[PDB]
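Novice: One file: model.pdb (PDB, C-alpha atoms).
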```
ATOM      1  CA  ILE P 209      91.061 159.321  82.145
ATOM      2  CA  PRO P 210      94.661 159.131  80.789
ATOM      3  CA  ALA P 211      96.427 155.835  81.341
ATOM      4  CA  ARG P 212      99.601 156.914  83.139
ATOM      5  CA  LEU P 213      97.395 158.929  85.520
ATOM      6  CA  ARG P 214      95.002 156.154  86.541
ATOM      7  CA  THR P 215      97.993 153.919  87.328
ATOM      8  CA  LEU P 216      99.128 156.693  89.665
ATOM      9  CA  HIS P 217      95.509 156.948  90.858
ATOM     10  CA  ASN P 218      95.418 153.236  91.743
ATOM     11  CA  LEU P 219      98.784 153.497  93.487
ATOM     12  CA  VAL P 220      97.899 156.519  95.617
ATOM     13  CA  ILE P 221      94.417 155.266  96.572
ATOM     14  CA  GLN P 222      95.967 151.947  97.588
ATOM     15  CA  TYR P 223      98.268 153.853  99.979
ATOM     16  CA  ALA P 224      95.362 155.970 101.230
ATOM     17  CA  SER P 225      93.269 152.856 101.915
ATOM     18  CA  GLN P 226      96.106 151.587 104.156
ATOM     19  CA  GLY P 227      96.016 154.921 106.000
ATOM     20  CA  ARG P 228      99.468 155.693 104.584
ATOM     21  CA  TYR P 229      98.859 159.346 103.765
ATOM     22  CA  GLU P 230     102.544 160.060 104.427
ATOM     23  CA  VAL P 231     103.134 158.241 101.106
ATOM     24  CA  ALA P 232      99.929 158.982  99.174
ATOM     25  CA  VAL P 233     100.176 162.759  99.668
ATOM     26  CA  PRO P 234     103.835 163.341  98.605
ATOM     27  CA  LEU P 235     103.260 161.211  95.489
ATOM     28  CA  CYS P 236     100.229 163.303  94.425
ATOM     29  CA  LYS P 237     101.915 166.654  95.080
ATOM     30  CA  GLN P 238     105.066 165.669  93.187
ATOM     31  CA  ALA P 239     103.022 164.273  90.301
ATOM     32  CA  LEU P 240     101.110 167.544  90.245
ATOM     33  CA  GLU P 241     104.349 169.544  90.187
ATOM     34  CA  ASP P 242     105.695 167.409  87.355
ATOM     35  CA  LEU P 243     102.452 167.614  85.357
ATOM     36  CA  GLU P 244     102.477 171.443  85.620
ATOM     37  CA  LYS P 245     106.093 171.438  84.353
ATOM     38  CA  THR P 246     105.112 169.530  81.207
ATOM     39  CA  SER P 247     101.915 171.241  80.109
ATOM     40  CA  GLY P 248     101.380 174.325  82.276
ATOM     41  CA  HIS P 249      98.525 174.750  84.727
ATOM     42  CA  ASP P 250      95.373 175.094  82.574
ATOM     43  CA  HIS P 251      95.391 171.534  81.269
ATOM     44  CA  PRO P 252      92.778 168.770  81.811
ATOM     45  CA  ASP P 253      95.377 166.383  83.192
ATOM     46  CA  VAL P 254      96.166 168.904  85.946
ATOM     47  CA  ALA P 255      92.480 169.084  86.919
ATOM     48  CA  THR P 256      92.407 165.262  86.975
ATOM     49  CA  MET P 257      95.516 165.228  89.192
ATOM     50  CA  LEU P 258      93.972 167.853  91.488
ATOM     51  CA  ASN P 259      90.900 165.640  91.833
ATOM     52  CA  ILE P 260      93.061 162.693  92.917
ATOM     53  CA  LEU P 261      94.824 164.753  95.601
ATOM     54  CA  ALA P 262      91.468 166.257  96.648
ATOM     55  CA  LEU P 263      90.163 162.718  97.134
ATOM     56  CA  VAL P 264      93.191 161.855  99.300
ATOM     57  CA  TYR P 265      92.573 164.968 101.435
ATOM     58  CA  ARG P 266      88.856 164.177 101.609
ATOM     59  CA  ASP P 267      89.817 160.681 102.750
ATOM     60  CA  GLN P 268      91.620 162.386 105.681
ATOM     61  CA  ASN P 269      88.567 164.656 106.239
ATOM     62  CA  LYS P 270      90.653 167.749 105.316
ATOM     63  CA  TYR P 271      87.517 169.196 103.772
ATOM     64  CA  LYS P 272      88.570 172.791 103.246
ATOM     65  CA  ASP P 273      91.939 171.684 101.797
ATOM     66  CA  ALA P 274      90.112 169.394  99.347
ATOM     67  CA  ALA P 275      87.698 172.124  98.236
ATOM     68  CA  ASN P 276      90.578 174.530  97.534
ATOM     69  CA  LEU P 277      91.993 171.962  95.116
ATOM     70  CA  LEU P 278      88.656 171.190  93.450
ATOM     71  CA  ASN P 279      87.868 174.892  93.100
ATOM     72  CA  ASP P 280      91.108 175.080  91.184
ATOM     73  CA  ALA P 281      90.205 171.957  89.179
ATOM     74  CA  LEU P 282      86.760 173.332  88.351
ATOM     75  CA  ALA P 283      88.074 176.568  86.818
ATOM     76  CA  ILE P 284      90.574 174.553  84.756
ATOM     77  CA  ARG P 285      87.844 172.229  83.500
ATOM     78  CA  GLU P 286      85.439 175.014  82.557
ATOM     79  CA  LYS P 287      88.113 176.829  80.542
ATOM     80  CA  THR P 288      89.519 173.719  78.866
ATOM     81  CA  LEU P 289      86.459 171.457  78.513
ATOM     82  CA  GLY P 290      83.492 173.820  78.652
ATOM     83  CA  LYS P 291      80.769 174.904  81.080
ATOM     84  CA  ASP P 292      78.594 171.864  80.179
ATOM     85  CA  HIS P 293      81.157 169.050  80.055
ATOM     86  CA  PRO P 294      80.413 165.963  82.193
ATOM     87  CA  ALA P 295      83.712 166.353  84.069
ATOM     88  CA  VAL P 296      82.539 169.784  85.276
ATOM     89  CA  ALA P 297      79.406 168.162  86.749
ATOM     90  CA  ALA P 298      81.661 165.575  88.426
ATOM     91  CA  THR P 299      83.820 168.315  90.018
ATOM     92  CA  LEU P 300      80.705 170.302  91.026
ATOM     93  CA  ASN P 301      79.203 167.293  92.800
ATOM     94  CA  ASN P 302      82.403 166.704  94.798
ATOM     95  CA  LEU P 303      82.427 170.386  95.854
ATOM     96  CA  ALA P 304      78.764 170.120  96.885
ATOM     97  CA  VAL P 305      79.806 167.136  99.039
ATOM     98  CA  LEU P 306      82.748 168.955 100.647
ATOM     99  CA  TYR P 307      80.720 172.111 101.453
ATOM    100  CA  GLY P 308      78.038 169.882 102.969
ATOM    101  CA  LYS P 309      80.667 168.133 105.120
ATOM    102  CA  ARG P 310      81.368 171.589 106.608
ATOM    103  CA  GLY P 311      77.689 172.244 107.325
ATOM    104  CA  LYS P 312      77.606 174.675 104.396
ATOM    105  CA  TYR P 313      74.482 173.177 102.832
ATOM    106  CA  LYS P 314      73.308 176.479 101.337
ATOM    107  CA  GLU P 315      76.583 176.808  99.354
ATOM    108  CA  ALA P 316      76.392 173.127  98.435
ATOM    109  CA  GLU P 317      72.884 173.199  96.914
ATOM    110  CA  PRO P 318      73.482 175.467  93.856
ATOM    111  CA  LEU P 319      76.600 173.507  93.022
ATOM    112  CA  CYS P 320      74.719 170.202  93.162
ATOM    113  CA  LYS P 321      71.769 171.554  91.148
ATOM    114  CA  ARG P 322      74.122 172.816  88.437
ATOM    115  CA  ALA P 323      75.739 169.372  88.218
ATOM    116  CA  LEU P 324      72.239 167.918  87.878
ATOM    117  CA  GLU P 325      71.337 170.351  85.081
ATOM    118  CA  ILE P 326      74.606 169.658  83.283
ATOM    119  CA  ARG P 327      73.898 165.913  83.434
ATOM    120  CA  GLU P 328      70.302 166.338  82.196
ATOM    121  CA  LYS P 329      71.442 168.648  79.394
ATOM    122  CA  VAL P 330      74.053 166.092  78.221
ATOM    123  CA  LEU P 331      72.664 162.651  79.104
ATOM    124  CA  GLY P 332      68.913 163.303  78.810
ATOM    125  CA  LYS P 333      66.401 163.552  81.674
ATOM    126  CA  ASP P 334      66.289 159.731  81.981
ATOM    127  CA  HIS P 335      69.979 158.699  82.295
ATOM    128  CA  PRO P 336      70.927 156.853  85.537
ATOM    129  CA  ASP P 337      73.822 159.222  86.182
ATOM    130  CA  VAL P 338      70.960 161.700  86.499
ATOM    131  CA  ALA P 339      69.254 159.394  89.022
ATOM    132  CA  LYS P 340      72.565 159.168  90.936
ATOM    133  CA  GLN P 341      72.822 162.958  90.964
ATOM    134  CA  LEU P 342      69.155 163.076  92.047
ATOM    135  CA  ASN P 343      69.952 160.813  95.014
ATOM    136  CA  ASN P 344      72.828 163.181  95.864
ATOM    137  CA  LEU P 345      70.576 166.261  95.655
ATOM    138  CA  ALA P 346      67.910 164.533  97.763
ATOM    139  CA  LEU P 347      70.424 163.885 100.554
ATOM    140  CA  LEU P 348      71.403 167.551 100.598
ATOM    141  CA  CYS P 349      67.785 168.716 100.816
ATOM    142  CA  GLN P 350      67.352 166.289 103.713
ATOM    143  CA  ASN P 351      70.120 168.009 105.662
ATOM    144  CA  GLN P 352      68.197 171.256 105.187
ATOM    145  CA  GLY P 353      64.938 169.623 106.204
ATOM    146  CA  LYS P 354      63.197 170.075 102.809
ATOM    147  CA  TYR P 355      61.387 166.760 102.997
ATOM    148  CA  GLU P 356      58.871 167.488 100.232
ATOM    149  CA  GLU P 357      61.809 168.169  97.894
ATOM    150  CA  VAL P 358      63.661 165.044  99.107
ATOM    151  CA  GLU P 359      60.594 162.926  98.351
ATOM    152  CA  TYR P 360      60.327 164.449  94.852
ATOM    153  CA  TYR P 361      63.964 163.765  93.935
ATOM    154  CA  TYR P 362      63.884 160.204  95.290
ATOM    155  CA  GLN P 363      60.711 159.398  93.312
ATOM    156  CA  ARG P 364      62.322 160.644  90.097
ATOM    157  CA  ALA P 365      65.461 158.592  90.771
ATOM    158  CA  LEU P 366      63.540 155.433  91.741
ATOM    159  CA  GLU P 367      61.611 155.673  88.460
ATOM    160  CA  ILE P 368      64.745 156.129  86.350
ATOM    161  CA  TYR P 369      66.570 153.268  88.083
ATOM    162  CA  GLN P 370      63.695 150.777  88.100
ATOM    163  CA  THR P 371      62.379 151.371  84.562
ATOM    164  CA  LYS P 372      65.907 151.481  83.132
ATOM    165  CA  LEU P 373      67.750 148.892  85.192
ATOM    166  CA  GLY P 374      66.365 145.785  86.850
ATOM    167  CA  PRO P 375      63.869 145.768  89.693
ATOM    168  CA  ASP P 376      66.638 143.669  91.316
ATOM    169  CA  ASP P 377      69.182 146.478  90.839
ATOM    170  CA  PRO P 378      71.214 147.472  93.941
ATOM    171  CA  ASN P 379      70.259 151.121  93.421
ATOM    172  CA  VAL P 380      66.529 150.396  93.197
ATOM    173  CA  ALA P 381      66.684 148.834  96.659
ATOM    174  CA  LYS P 382      68.891 151.693  97.888
ATOM    175  CA  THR P 383      66.566 154.396  96.588
ATOM    176  CA  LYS P 384      63.480 152.623  97.958
ATOM    177  CA  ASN P 385      64.968 152.500 101.465
ATOM    178  CA  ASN P 386      65.836 156.210 101.279
ATOM    179  CA  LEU P 387      62.376 157.196 100.064
ATOM    180  CA  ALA P 388      60.692 154.887 102.583
ATOM    181  CA  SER P 389      62.525 156.623 105.452
ATOM    182  CA  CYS P 390      61.556 160.009 103.999
ATOM    183  CA  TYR P 391      57.856 159.072 103.942
ATOM    184  CA  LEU P 392      58.076 157.959 107.567
ATOM    185  CA  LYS P 393      59.855 161.201 108.520
ATOM    186  CA  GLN P 394      56.907 163.069 106.955
ATOM    187  CA  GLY P 395      54.190 160.966 108.630
ATOM    188  CA  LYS P 396      53.012 159.387 105.341
ATOM    189  CA  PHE P 397      52.840 155.992 107.025
ATOM    190  CA  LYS P 398      50.827 154.128 104.394
ATOM    191  CA  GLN P 399      53.221 155.306 101.690
ATOM    192  CA  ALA P 400      56.161 154.405 103.948
ATOM    193  CA  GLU P 401      54.803 150.948 104.766
ATOM    194  CA  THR P 402      53.939 150.199 101.118
ATOM    195  CA  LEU P 403      57.636 150.656 100.238
ATOM    196  CA  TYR P 404      58.913 148.726 103.249
ATOM    197  CA  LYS P 405      56.762 145.681 102.374
ATOM    198  CA  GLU P 406      58.257 145.674  98.850
ATOM    199  CA  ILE P 407      61.815 145.835 100.185
ATOM    200  CA  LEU P 408      61.342 142.933 102.630
ATOM    201  CA  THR P 409      59.473 140.683 100.191
ATOM    202  CA  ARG P 410      61.963 141.239  97.393
ATOM    203  CA  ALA P 411      64.837 140.568  99.812
ATOM    204  CA  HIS P 412      63.205 137.294 100.894
ATOM    205  CA  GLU P 413      62.651 136.512  97.208
ATOM    206  CA  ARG P 414      66.316 137.077  96.345
ATOM    207  CA  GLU P 415      67.704 134.684  98.974
ATOM    208  CA  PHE P 416      65.134 131.954  98.247
ATOM    209  CA  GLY P 417      65.728 129.961  95.078
ATOM    210  CA  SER P 418      63.595 128.706  92.228
TER     211      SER P 418
END
```
Give the structure from the file, written as structure tokens.
Specialist:
Amino acid sequence: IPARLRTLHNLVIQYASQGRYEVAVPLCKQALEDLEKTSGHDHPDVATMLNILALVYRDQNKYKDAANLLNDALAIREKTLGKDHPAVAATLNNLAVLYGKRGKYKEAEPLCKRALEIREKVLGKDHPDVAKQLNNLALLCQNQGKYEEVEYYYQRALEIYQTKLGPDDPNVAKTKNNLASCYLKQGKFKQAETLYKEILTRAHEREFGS
């Protein structure tokens, strides 16, 4: 991300995190206006700026306002960076999240799957950004009740995370809790209780010393 933009990012998110949207929002909109003046609309820095203001709106739960901006950012990024660029998968995942926040889980799912395929096609089927996207897809299938698909995506992500980061990785514990719940939802008690035992024991192990 360009340097003068992330400084603005830090400043605006600081304001947002104090609930001071009356300052965060004008700063983003003016910065967007001034960016457009310098480089015209179809420029990566404009998409980046739109993503910052979409985050601020999301932080206020203005979900449809945020999607409008990211839909604009997505078209910019596809034209300027390409249909398979990682930033396009980033913008697709955020749109999947915003549609899901409006109960529009059937619109969300293609967007999230595309972001997954983009990340596999760039980072390889084993990258942990793929696991992260898998966790995001799993959560969306859960809100549609597709528990066999949830369990598949969580297993894939647990395997990426645990074979590629530590067994003591925050995400490994996070993905194990998610999958454990999903087993219990399905009635697969002995699979659910196998995972729960691991979580407890490893937690006890972490606090205890050598």
Novice: Using all atoms listed in the file, can you list as a ChimeraX atom specification the residues within 9 Å of (80.0, 171.6, 100.2)?
Specialist: /P:271,275,301-317,319-320
Novice: If the PyMOL selection byres ((chain P and resi 251) around 12) is run on the structure shown, which residues does it catch, given as a PyMOL selection string?
Specialist: chain P and resi 240+243-250+252-258+280-289
Novice: Considering all atoms listed in the file, can you say which of P:322, P:357, P:265, P:388 comes closest to residue 402 of chain P?
Specialist: P:388
Novice: What does the distance between atom CA of residue 345 of chain P and atom CA of residue 373 of chain P come to in Å, to one decimal place?
Specialist: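 Distance between the two atoms: 20.5 Å.
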Novice: Which value, in Å to one decimal, gives the distance between atom CA of residue 218 of chain P and atom CA of residue 369 of chain P?
Specialist: 29.1 Å
Novice: Taking the structure in the block just given, could you write segment 250-286 of chain P with N, CA and C atoms, as an mmCIF file, in the first residue's frame?
Specialist:
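Result went into part_37.cif, see below:
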```
data_model
loop_
_atom_site.group_PDB
_atom_site.id
_atom_site.type_symbol
_atom_site.label_atom_id
_atom_site.label_comp_id
_atom_site.auth_asym_id
_atom_site.auth_seq_id
_atom_site.Cartn_x
_atom_site.Cartn_y
_atom_site.Cartn_z
ATOM 1 N N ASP P 250 -9.906 5.699 -12.473
ATOM 2 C CA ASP P 250 -9.456 4.312 -12.632
ATOM 3 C C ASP P 250 -7.966 4.183 -12.296
ATOM 4 N N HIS P 251 -7.659 4.344 -11.014
ATOM 5 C CA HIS P 251 -6.297 4.246 -10.535
ATOM 6 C C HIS P 251 -6.274 3.435 -9.254
ATOM 7 N N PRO P 252 -5.297 2.518 -9.101
ATOM 8 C CA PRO P 252 -5.236 1.679 -7.881
ATOM 9 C C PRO P 252 -5.320 2.442 -6.572
ATOM 10 N N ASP P 253 -4.723 3.626 -6.501
ATOM 11 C CA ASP P 253 -4.793 4.368 -5.248
ATOM 12 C C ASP P 253 -6.212 4.819 -4.923
ATOM 13 N N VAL P 254 -7.057 5.012 -5.938
ATOM 14 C CA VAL P 254 -8.457 5.339 -5.684
ATOM 15 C C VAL P 254 -9.196 4.126 -5.111
ATOM 16 N N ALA P 255 -8.958 2.938 -5.676
ATOM 17 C CA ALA P 255 -9.544 1.726 -5.104
ATOM 18 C C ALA P 255 -9.119 1.553 -3.646
ATOM 19 N N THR P 256 -7.826 1.729 -3.364
ATOM 20 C CA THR P 256 -7.329 1.662 -1.988
ATOM 21 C C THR P 256 -8.035 2.666 -1.075
ATOM 22 N N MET P 257 -8.202 3.904 -1.552
ATOM 23 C CA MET P 257 -8.925 4.913 -0.778
ATOM 24 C C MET P 257 -10.388 4.527 -0.585
ATOM 25 N N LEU P 258 -11.029 3.982 -1.630
ATOM 26 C CA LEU P 258 -12.408 3.524 -1.473
ATOM 27 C C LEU P 258 -12.506 2.415 -0.438
ATOM 28 N N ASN P 259 -11.481 1.564 -0.338
ATOM 29 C CA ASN P 259 -11.539 0.486 0.640
ATOM 30 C C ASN P 259 -11.429 1.026 2.058
ATOM 31 N N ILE P 260 -10.642 2.097 2.250
ATOM 32 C CA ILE P 260 -10.549 2.718 3.566
ATOM 33 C C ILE P 260 -11.898 3.300 3.974
ATOM 34 N N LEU P 261 -12.524 4.092 3.086
ATOM 35 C CA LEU P 261 -13.833 4.656 3.420
ATOM 36 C C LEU P 261 -14.894 3.560 3.554
ATOM 37 N N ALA P 262 -14.783 2.468 2.785
ATOM 38 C CA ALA P 262 -15.746 1.376 2.964
ATOM 39 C C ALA P 262 -15.580 0.729 4.336
ATOM 40 N N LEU P 263 -14.336 0.602 4.804
ATOM 41 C CA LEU P 263 -14.110 0.111 6.157
ATOM 42 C C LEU P 263 -14.748 1.032 7.197
ATOM 43 N N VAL P 264 -14.571 2.351 7.047
ATOM 44 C CA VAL P 264 -15.178 3.280 8.008
ATOM 45 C C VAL P 264 -16.696 3.117 8.032
ATOM 46 N N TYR P 265 -17.322 3.001 6.849
ATOM 47 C CA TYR P 265 -18.771 2.803 6.786
ATOM 48 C C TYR P 265 -19.155 1.462 7.404
ATOM 49 N N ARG P 266 -18.422 0.405 7.054
ATOM 50 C CA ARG P 266 -18.643 -0.893 7.679
ATOM 51 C C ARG P 266 -18.558 -0.773 9.193
ATOM 52 N N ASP P 267 -17.583 0.004 9.689
ATOM 53 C CA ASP P 267 -17.437 0.147 11.130
ATOM 54 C C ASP P 267 -18.684 0.768 11.751
ATOM 55 N N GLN P 268 -19.422 1.582 10.994
ATOM 56 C CA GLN P 268 -20.706 2.142 11.415
ATOM 57 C C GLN P 268 -21.892 1.256 11.035
ATOM 58 N N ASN P 269 -21.633 0.056 10.522
ATOM 59 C CA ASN P 269 -22.663 -0.869 10.041
ATOM 60 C C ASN P 269 -23.477 -0.310 8.868
ATOM 61 N N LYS P 270 -22.952 0.677 8.128
ATOM 62 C CA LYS P 270 -23.641 1.146 6.917
ATOM 63 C C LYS P 270 -23.230 0.196 5.791
ATOM 64 N N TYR P 271 -23.889 -0.974 5.789
ATOM 65 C CA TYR P 271 -23.425 -2.088 4.967
ATOM 66 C C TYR P 271 -23.646 -1.814 3.495
ATOM 67 N N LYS P 272 -24.829 -1.319 3.135
ATOM 68 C CA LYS P 272 -25.076 -1.078 1.718
ATOM 69 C C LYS P 272 -24.207 0.079 1.206
ATOM 70 N N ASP P 273 -23.979 1.113 2.032
ATOM 71 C CA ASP P 273 -23.074 2.187 1.616
ATOM 72 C C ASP P 273 -21.675 1.637 1.348
ATOM 73 N N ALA P 274 -21.196 0.744 2.224
ATOM 74 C CA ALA P 274 -19.846 0.201 2.087
ATOM 75 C C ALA P 274 -19.714 -0.643 0.829
ATOM 76 N N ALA P 275 -20.738 -1.443 0.517
ATOM 77 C CA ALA P 275 -20.699 -2.285 -0.670
ATOM 78 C C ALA P 275 -20.653 -1.440 -1.940
ATOM 79 N N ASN P 276 -21.485 -0.396 -2.016
ATOM 80 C CA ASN P 276 -21.406 0.538 -3.141
ATOM 81 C C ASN P 276 -19.966 0.946 -3.407
ATOM 82 N N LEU P 277 -19.241 1.336 -2.355
ATOM 83 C CA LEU P 277 -17.865 1.790 -2.559
ATOM 84 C C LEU P 277 -16.975 0.645 -3.031
ATOM 85 N N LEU P 278 -17.122 -0.539 -2.428
ATOM 86 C CA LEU P 278 -16.247 -1.651 -2.784
ATOM 87 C C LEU P 278 -16.580 -2.191 -4.164
ATOM 88 N N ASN P 279 -17.855 -2.102 -4.572
ATOM 89 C CA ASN P 279 -18.201 -2.465 -5.942
ATOM 90 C C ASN P 279 -17.502 -1.544 -6.913
ATOM 91 N N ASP P 280 -17.333 -0.290 -6.517
ATOM 92 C CA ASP P 280 -16.598 0.638 -7.358
ATOM 93 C C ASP P 280 -15.118 0.276 -7.332
ATOM 94 N N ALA P 281 -14.590 -0.008 -6.133
ATOM 95 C CA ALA P 281 -13.185 -0.395 -5.989
ATOM 96 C C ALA P 281 -12.866 -1.674 -6.755
ATOM 97 N N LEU P 282 -13.792 -2.631 -6.770
ATOM 98 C CA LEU P 282 -13.518 -3.890 -7.446
ATOM 99 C C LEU P 282 -13.347 -3.686 -8.952
ATOM 100 N N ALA P 283 -14.261 -2.935 -9.578
ATOM 101 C CA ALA P 283 -14.132 -2.686 -11.013
ATOM 102 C C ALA P 283 -12.816 -1.983 -11.327
ATOM 103 N N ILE P 284 -12.441 -0.987 -10.517
ATOM 104 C CA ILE P 284 -11.147 -0.328 -10.710
ATOM 105 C C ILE P 284 -10.019 -1.355 -10.673
ATOM 106 N N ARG P 285 -10.029 -2.220 -9.656
ATOM 107 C CA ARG P 285 -8.907 -3.134 -9.468
ATOM 108 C C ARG P 285 -8.827 -4.172 -10.578
ATOM 109 N N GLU P 286 -9.971 -4.627 -11.090
ATOM 110 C CA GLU P 286 -9.928 -5.601 -12.170
ATOM 111 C C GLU P 286 -9.375 -4.978 -13.444
#
```
